[PDB]
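Below you'll find only one chain, the form deposited in one PDB entry, shown as structure tokens.
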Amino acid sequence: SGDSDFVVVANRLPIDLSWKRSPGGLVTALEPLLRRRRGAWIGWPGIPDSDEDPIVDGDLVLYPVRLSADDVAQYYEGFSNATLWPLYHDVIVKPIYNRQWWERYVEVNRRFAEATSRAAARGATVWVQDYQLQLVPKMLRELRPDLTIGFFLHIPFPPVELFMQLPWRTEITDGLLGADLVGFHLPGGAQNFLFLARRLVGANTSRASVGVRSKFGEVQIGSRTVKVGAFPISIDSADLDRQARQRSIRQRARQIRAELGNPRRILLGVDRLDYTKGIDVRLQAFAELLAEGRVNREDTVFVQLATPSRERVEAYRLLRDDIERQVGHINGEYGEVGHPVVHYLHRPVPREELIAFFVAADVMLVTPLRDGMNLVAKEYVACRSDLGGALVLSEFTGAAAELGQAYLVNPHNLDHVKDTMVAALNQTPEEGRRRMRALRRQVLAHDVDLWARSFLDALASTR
């Protein structure tokens, strides 16, 4: 019946493609828990039409979920990325409502639930991850009412006015309510969920504000209670802090500045390419600052590192076209031959190279239109043990709830985005250090370990 007493369910297995374990991430965050539990991980291995035979990793048992390329297209590229993703992110792009996508999403979700049941021992603890798998908790509780089930959403949970658009709004809500604990990064998501529970499902809920890792909400579902909480994700702050101190990284950061023609100021953007990330906004702000002579085109350069994402989704292709136009435009207007003012890469950057960029950057531009947390904001902070740099951060990130000492911006307020970029570029050394010290105190004290433990303690208490 499966001999795992702790099970993680996520769209992907924690491996890279023969194959090896992916570095960092949740799987590393859960390392010391797997040392005391019989742990399993359920997910798609990332290859189409694979076996579903369990793979032993010593520390982990991997249960591959079989998906065809067609399953992936309709469940993932379709329903997950082109229905749920834009809807949950404040419909920045118009969601597509497609019944064939929904039906595949249901099937695939069931397949994940079945795989989980195979792995899970009696009374096992299950942690379901993220928006692609919102039906699993209910499906799992129906197959296996003995299980303790947690669910955490890594993206925002939208306001009810928007969520209601979903023709399958009730099925998704019922899906989440199959969990013992439903967690979000922010109290706002939790409160939206409680309100949805009363409005759409008619369940009795708690009415108080939801705290951070405390003051939990409750939804009554017949005989049982669903716990609702906010657990803001973070990074392995100490590890990144240590990694950024390496001599090789610091020398690379110096070499990067030399390769850029030794600018006095470097702005940096690091993003998975997504319309949620507000890359177009920072480029527009930068172009207008150059037009206004408020940024010196001779000693200031912007580096944007976009890692490719969701190429088969038309909205992402269109966003890529817009950004790339902006890059060519800005350089043609304000650059010189042999000296761009914008450097842009559309590719995955090796982790040590990326860290060197964090170390090199005088201003980190993290300006999403809407983002669940955004780890890049926290990664930059963790890397600046030298206390240099400046973080310009959108209010519409979960990170802005913790990183209040950054230069916060409303990305829709372009005038203030521009004022703020100038302010960050021209800050005094002391003021820069004051902010970075405060940000680091936060990020170092609130790491992924605290997050993981807080969620699992909450989940454990529902027993």
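For clarity, a rigid core is taken as the largest C-alpha set superposing within 1.5 Å between two forms. Counting begins at 1, following the sequence as shown.
Not pictured, yet referred to below: the form deposited in another entry.
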Check your understanding: Just one of 423, 414, 438, 33 has a CA that shifts 2 Å or more between the shown form and the other one on a core fit; which is it?
Key -> 33
Review point. So, does residue 402 move by 2 Å or more at the CA between the shown form and the other one, with the core held fixed?
Key: no
Check your understanding: By the 2 angstroms cut-off, has the C-alpha of residue 68 moved between the shown form and the other one once the rigid core is superposed?
Key -> no
Review point. Which is it in the other entry for the CA atoms of residue 450 and residue 26, closer or farther than here, knowing they shift by 3 Å or more?
Key: farther
Point to revise | Direction of Cα pair change residue 457-residue 27 in the other entry, magnitude 3 angstroms or more | key: farther
